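Notes for the one structure printed next.
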Amino acid sequence: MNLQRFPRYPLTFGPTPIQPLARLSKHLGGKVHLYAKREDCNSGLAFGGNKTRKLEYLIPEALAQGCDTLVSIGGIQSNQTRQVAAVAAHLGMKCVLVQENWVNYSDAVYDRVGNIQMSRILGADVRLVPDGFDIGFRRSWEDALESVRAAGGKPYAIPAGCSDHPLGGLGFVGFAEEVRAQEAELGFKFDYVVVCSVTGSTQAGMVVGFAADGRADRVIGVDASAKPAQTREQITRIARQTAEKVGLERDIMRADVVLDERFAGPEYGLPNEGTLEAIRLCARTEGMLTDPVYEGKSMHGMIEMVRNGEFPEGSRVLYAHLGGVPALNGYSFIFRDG
Amino acid sequence: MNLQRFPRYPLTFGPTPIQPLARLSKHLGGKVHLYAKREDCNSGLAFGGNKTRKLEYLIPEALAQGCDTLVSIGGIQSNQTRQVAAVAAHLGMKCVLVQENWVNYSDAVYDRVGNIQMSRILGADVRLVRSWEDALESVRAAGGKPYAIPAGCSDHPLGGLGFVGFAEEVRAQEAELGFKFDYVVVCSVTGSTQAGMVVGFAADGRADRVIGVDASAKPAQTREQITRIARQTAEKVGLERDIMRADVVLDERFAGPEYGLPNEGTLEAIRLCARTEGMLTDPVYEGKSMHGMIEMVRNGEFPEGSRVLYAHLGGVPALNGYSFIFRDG
Amino acid sequence: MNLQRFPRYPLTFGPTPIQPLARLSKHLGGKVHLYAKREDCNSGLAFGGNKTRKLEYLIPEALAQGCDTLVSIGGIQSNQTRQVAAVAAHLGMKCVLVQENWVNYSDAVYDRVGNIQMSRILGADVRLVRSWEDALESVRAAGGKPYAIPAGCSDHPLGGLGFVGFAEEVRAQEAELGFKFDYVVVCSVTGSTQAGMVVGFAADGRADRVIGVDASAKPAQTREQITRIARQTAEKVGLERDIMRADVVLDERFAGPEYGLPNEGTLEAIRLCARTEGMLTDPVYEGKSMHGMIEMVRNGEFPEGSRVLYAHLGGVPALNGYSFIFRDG
Amino acid sequence: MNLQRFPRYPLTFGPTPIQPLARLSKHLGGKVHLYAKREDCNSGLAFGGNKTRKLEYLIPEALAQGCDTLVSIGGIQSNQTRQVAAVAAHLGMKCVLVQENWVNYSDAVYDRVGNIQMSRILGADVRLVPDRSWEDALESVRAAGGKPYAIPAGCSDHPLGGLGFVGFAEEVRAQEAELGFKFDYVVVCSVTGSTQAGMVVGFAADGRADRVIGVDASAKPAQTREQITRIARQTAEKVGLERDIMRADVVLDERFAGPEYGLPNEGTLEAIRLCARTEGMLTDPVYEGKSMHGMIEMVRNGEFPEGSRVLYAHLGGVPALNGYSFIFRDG
Ligand SMILES: *Cc1c(COP(=O)(O)O)cnc(C)c1O
Ligand SMILES: *Cc1c(COP(=O)(O)O)cnc(C)c1O
Ligand SMILES: *Cc1c(COP(=O)(O)O)cnc(C)c1O
Ligand SMILES: *Cc1c(COP(=O)(O)O)cnc(C)c1O
């Protein structure tokens, strides 16, 4: 393949670090060696995270066209819209964010802390609609894009999670590249990668990047959508389009896309008692925080996989920390005593 | 001087990046070149920050001694106690934190979000209220050995080493850049961050270029504390000179109205910096130093052509305890 | 029967008023006349409500005995415990409250506003998680004599007396209005409210006119509690009859989806009633009985011309723990 | 005087009860007998309070004219706007409220709990401004085809705003008849002033005007005192007061208003706790907590004559406690 053909705008500090999770590994029995690649600490742009890696490939296009505004969308505690807001201010572009409560949840300060609080400080026009206002049905997405034009600007459309976008899967193809370039130094290859998936272009990019060396099925996606079927399909689809985009010379098989469905419950945005125990265990053994919406569910998955001996003894598992920690602020009551 | 003599435990990713703040500089007239050194992005341990750099030199001692518990103290939204809670967890040590409301503030979620929330998830025993002595005692009485970490790590013998290193790091990046920064803006409250810098740059004749921006709103005491720690740290590292009072610069114009409370200028600074650079600052610390730097460039207090290095010390998570203020941005 | 045999400690202003809900009635078709008996405005003690009418029959016993501390239990936004705290203060009694999270609901200020906030201001010892006996024992060991008040005051020998008195009061008021009510709608969870009503109205042949609306989301358990208590109370007051299953009507269609959680119908019912009558109801209890009453009317389940007495038991302060749901109305 | 010349629309249950505060009295030495008249419990309309008593004399006019919308204004945790919202819903009228940040306070749920939460549920169009709204509100109603009835801050600066509490003194006289004695003093919290004004006029009728001890909660003493005086004289002329309101007739203590309007001092807090714990009677940190603080300190300083009977008017305001949850987290 050839990813280098596509321009990458620097929005990160460079390659992200891999750290051993020795204490967690030892705590789980010592039979599996856990590591974490910190995508969550990749940028100075409002905490960055996986979405910021994806954005490096969309901005060149946004810039080539004469776009002066970035337009995106997401739920109230969306990490994506917060990263779009920071990237926009940084690039000197305006930003319009379409938002609605996409979770059956109602914390007293849900729309005023964490991610959304940052996007507002960052200068984004946060168009948060009232409950019952179904933006997706109403197609508010498009009216937002039209309002920018109508106002005299030129919008660049960034869909949910950056995923269903032609360039949305490139970033994580690069992620596989990085991983190989780093395994070169370790003198070994991680047997598995654990990654949280919802809109899909993260794991999709990984799948295309690791297919290139026969490890596509080593990417253990952990659904956090609670709608596994649609999510599995979205990752597959995005992976086949991206594979084509970068000239991979392999057809992505249904078997190349692994998405565990055991740790997504009860719904998108809601943690289960397992998610919570996972967050606390990982944080208390490594000083590494994860959230109740995304990373906490994929940490719950990994720890559970290990505990269930689903990992062949001696394996080295690379946990991809995609970010999302700021969302913890919207679930304060749950952690009031830790 | 000889800093290399003291053991530094790795708790950070490595030297912190220095980024240009091209848009902000342009916004303010372009007569001054602003940059930011990102201490707020130095670690994977619960967001880290300046305190984490300070702690790298205190940890070997805690370890050399048979200490099994890290004990610290700070206000409800203290960044320090949160970084200590994350280092403890990472090191396999227990953590006791003495938190008290050191601010005339009373937000509904003040003690449930941001820093303190992370400390509880990270497993620290968060005690809300001499509480200090009592905590230390309880650890021993419980059959443990505690390592006492004072407020902000500042009144600790090893507390100023971290930032002597910062100065060292800066000369090394200046070599690479092929140039040197003319000034350094840094927020100061407990004091060992600026004291460390003061000593570190006295080494090349730039202690007085370190521009401290008071955020304690009790300038006299803060200035004395930075002075004292700096002199003591200089002695610790074998500096050839005796730190003088003129080596310590502390602007008092941006600390209003009290510690922990932002003024309208603080909020405007936070908004301008975020909206021009995508770099967030908080209403307690960094927003005030950012306010100061901006005001300095604007009043034309920096000579035209200067290169100012803003030390971003962290603190962003505390933004969560000030949600009403920013409800509309 | 003779309720008069039992002492009643005055904790309310006196008989609660009955108001017509002409606007809501008109809005729903004008075929069914709706009224409201305001138990929610029955006392000067922190808003009172139905639990306060219950406590009037219990206090004498606590006093007969030399009790000095009232001890109760309930969820975090329990109305029962707030009223016990207020009754305690007014009596000069200590108060210990056992509060656990009985609801699968998480809101940042859930344990800091509304009912629990008042109980703390009122001086009660609010203990957040058998915690029950533990609390009682702690009182004794402390040197005080506790009076145990079970959840909602319901499963207690004197727990049904208050609402037997309610039926008596209603009769006296019907004599004054010159007409009788055909049905009463009442929210039910721990059961002694409806139980008292069942016993009081069985006396004039209208036990089955008391339309209970389940809010526990555990219909079977709640229906059994109402029956059990109604039988015990009927024996206490000398009712000349057995309480049969036909005497206990409990609608199950409106409790969803769980105890403490409103459904969309609950919310629409709270909004409709507030906007047509200026009478507020809450998302845990009254909003569900109000939803039930509105729906019964809408479905034509009440004969045309019926006069329906809605018993508003209180609970409004709990609205504060559900701020986000109502942020835009 | 003749208050009966003006119609009164029923929004309350009827006369408000007076209760002895025996425990609080004894707690303070037993030298002064304290009582409370419960204006805070006067209505089934979203808790009511003193503003609802005032509204009974304005609504007849709103109705006389062809008004279909009640428009009012107040701070974020305004009690006034909530009662207006409840009264409008009850009357079948629309309601538009102009809420501003009148307090230097920034609690996380300040604009979503308590009074303002109830106004939204009550169906009012609640208009907030990011950190002339009044005229835009009024015009917006006309433009929509309606007819607004304007209700100024606290109902005070209005021609009928003082009648409600003239009647309060009339009510207290009837109750004193049954009591066989007359109260020696009345303690009332004052901010926009027509509550104390109505009282000053009603008690002037029997030479007890200077017995109405207003307790300032505005932190702008001079301005509040002056507004009480003016509203009192205007009201006195409205009802036919046979005497004239003298400057000396308006008593307003300024020692308990601090540090600012909408912000409690530690004395306010102790007073709320003490009163709540000895009587089971709650007061708020903005208004009643301050007048209660006043009455307690007065008693404590022997400022009331031994044996005096002091009537504390509890005006309401308790729902605002939800906006100050952190200071009461441990009680
Ligand atoms: C968006 C996101 C994910 C999932 O990434 P997708 O590409 O949408 O599957 C996981 N974690 C965090 C923190 C995210 O913001
Ligand atoms: C502690 C702190 C400061 C001030 O540093 P001192 O060494 O105490 O003077 C500034 N910013 C942040 C984010 C801090 O946590
Ligand atoms: C307790 C309560 C109920 C239910 O009454 P029970 O006697 O427990 O069945 C209904 N409404 C409110 C407001 C309550 O506090
Ligand atoms: C408005 C109000 C006051 C002050 O009354 P004014 O007539 O404005 O002087 C006192 N307490 C409460 C609860 C109020 O709502």
Side-chain angles (χ1 to χ4, degrees), chain A residues 113 117 121 329, chain B residues 40 49-51 72-83 97-119 126 128-129 131 150-154 186-191 193-194 212-223 225 250-270 280-292 312-326, chain D residues 103-108 110 131 259-260 263-264 266 324-327 329:
Chain A
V113 297
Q117 169 181 45
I121 292 170
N329 285 289
Chain B
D40 56 323
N50 68 322
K51 299 308 187 317
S72 204
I73 178 173
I76 294 177
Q77 282 293 153
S78 173
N79 291 300
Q80 151 93 17
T81 62
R82 178 253 303 156
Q83 295 168 77
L97 304 175
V98 181
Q99 330 250 190
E100 180 177 351
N101 201 4
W102 285 347
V103 185
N104 288 313
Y105 187 64
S106 57
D107 181 78
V109 304
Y110 196 40
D111 65 334
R112 311 224 141 160
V113 297
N115 296 315
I116 196 168
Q117 168 182 41
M118 284 185 274
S119 286
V126 174
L128 290 177
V129 311
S131 294
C153 287
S154 286
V186 64
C187 181
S188 282
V189 181
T190 68
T193 299
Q194 188 181 338
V213 176
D214 178 52
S216 74
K218 283 169 187 183
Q221 313 179 196
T222 300
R223 184 190 301 288
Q225 183 138 310
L250 186 67
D251 198 303
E252 330 182 317
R253 295 173 296 169
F254 313 94
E258 293 171 41
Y259 164 69
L261 302 180
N263 51 245
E264 281 312 304
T266 318
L267 307 180
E268 173 183 341
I270 290 169
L280 294 169
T281 50
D282 72 288
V284 178
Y285 301 104
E286 307 312 278
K288 302 197 161 172
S289 66
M290 178 58 61
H291 177 189
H312 187 146
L313 311 175
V316 173
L319 230 28
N320 287 284
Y322 298 85
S323 68
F324 191 82
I325 301 310
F326 298 106
Chain D
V103 190
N104 291 317
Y105 189 63
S106 56
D107 179 79
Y110 198 51
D131 250 352
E260 302 170 34
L263 296 182
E266 291 305 302
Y324 301 77
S325 74
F326 187 93
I327 53 181
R329 64 199 187 288

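All values below come from the heavy atoms of this structure, side chains included, with hydrogens, waters and symmetry mates left out. Order of the sequence lines sets the chain letters (A, B, ...), proteins ahead of strands, with each chain counted from 1.
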> Quick one: NE2 on B:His312 to OH on B:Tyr285, what's the gap to the nearest 0.5 Å?
Replying inline: 13.0 Å
>> Using side chain to side chain contact (heavy atoms under 4.5 Å, CB included), reason through B:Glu100 and B:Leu128 one step at a time and then give a plain yes or no.
In response: CA-CA 6 Å; B:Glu100 180 177 351; B:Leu128 290 177; over 6 Å; no
> So which of B:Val213, B:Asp214, B:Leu313, B:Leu250 actually passes side chain to side chain contact (heavy atoms under 4.5 Å, CB included) with B:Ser188?
Replying inline: B:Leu250
>> Parallel, tilted or perpendicular, judged at 30° and 60°: which one describes the rings of B:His291 and B:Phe254?
In response: perpendicular
> Are B:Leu319 and B:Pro283 close enough that some pair of their side-chain heavy atoms sits under 4.5 Å apart?
Replying inline: yes
> What distance do B:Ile76 atom CD1 and B:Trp102 atom CH2 have between them, rounded to the nearest 0.5 Å?
Replying inline: 11.0 Å
> How far does CD1 of B:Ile73 sit from OG of B:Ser78, to the nearest 0.5 angstrom?
Replying inline: 9.5 Å
> Any side-chain heavy atom of B:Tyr259 within less than 4.5 Å of one from B:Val284?
Replying inline: yes
>> Looking at every non-hydrogen atom in both residues, tell me the closest pair between B:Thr222 and B:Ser216 and how far apart they are.
In response: OG1-OG, 2.6 Å
>> Using 30° and 60° as the class boundaries, would you call the ring planes of D:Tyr324 and D:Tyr105 parallel, tilted or perpendicular?
In response: parallel
> Side chains of B:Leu261 and B:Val103: does their closest heavy-atom pair fall under 4.5 Å?
Replying inline: yes
>> Just so I know, are the side chains of B:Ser119 and B:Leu97 near enough to count as touching, which here means a heavy-atom distance under 4.5 Å?
In response: yes
> Which distance, rounded to the nearest 0.5 Å, do you find between the CE of B:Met118 and the OG1 of B:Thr81?
Replying inline: 9.5 Å
> So which of B:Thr193, B:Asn79, B:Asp40 actually passes side chain to side chain donor-acceptor pair (under 3.5 Å) with B:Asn50?
Replying inline: B:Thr193
> Taking B:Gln99 for the side chain and B:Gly75 for the main chain, is one N or O donor matched with an acceptor at less than 3.5 Å?
Replying inline: yes
> Ignoring hydrogens and geometry, is there a side-chain-to-backbone donor-acceptor pair from B:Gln80 to B:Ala151 under 3.5 Å?
Replying inline: no
>> Give me the atom names and distance for the closest heavy-atom approach of B:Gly287 to B:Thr266.
In response: C-CG2, 3.6 Å
> B:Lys288 side chain to B:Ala255 main-chain N or O, any donor-acceptor pair under 3.5 Å?
Replying inline: yes
> B:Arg253: what forms a salt bridge (charged side-chain N to carboxylate O under 4.0 Å, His left out) with it, not counting sequence neighbours?
Replying inline: B:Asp251, B:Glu301
>> If you compare all heavy atoms of B:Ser131 against all heavy atoms of B:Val98, which two are closest, and at what distance to 0.1 Å?
In response: CB-CG1, 3.6 Å
> What's the shortest heavy-atom distance between B:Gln77 and B:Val113, and which atoms?
Replying inline: OE1-O, 2.9 Å
>> I'd like to check B:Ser289 versus B:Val186 (side-chain heavy atoms, cut-off strictly below 4.5 Å). Are they in contact?
In response: no
> Hey, what do you get for CG (B:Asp111) to CZ (D:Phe326), rounding to the nearest 0.5 Å?
Replying inline: 5.0 Å
>> In the structure I gave you, are the side-chain heavy atoms of B:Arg223 and B:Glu252 within less than 4.5 Å of one another anywhere?
In response: yes
>> Under the rule for side chain to side chain donor-acceptor pair (under 3.5 Å), what residues qualify as partners of B:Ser154, not counting sequence neighbours?
In response: B:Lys54, B:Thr190, B:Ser192
>> I need the minimum non-hydrogen distance between B:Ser323 and D:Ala108, along with the two atoms involved.
In response: OG-CB, 3.5 Å
> Which heavy atom in B:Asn320 sits nearest to a heavy atom in B:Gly114, and how many Å separate them?
Replying inline: CB-N, 3.9 Å
> Quick one: does B:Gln117's side chain get under 4.5 Å of B:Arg112's, heavy atoms only?
Replying inline: no
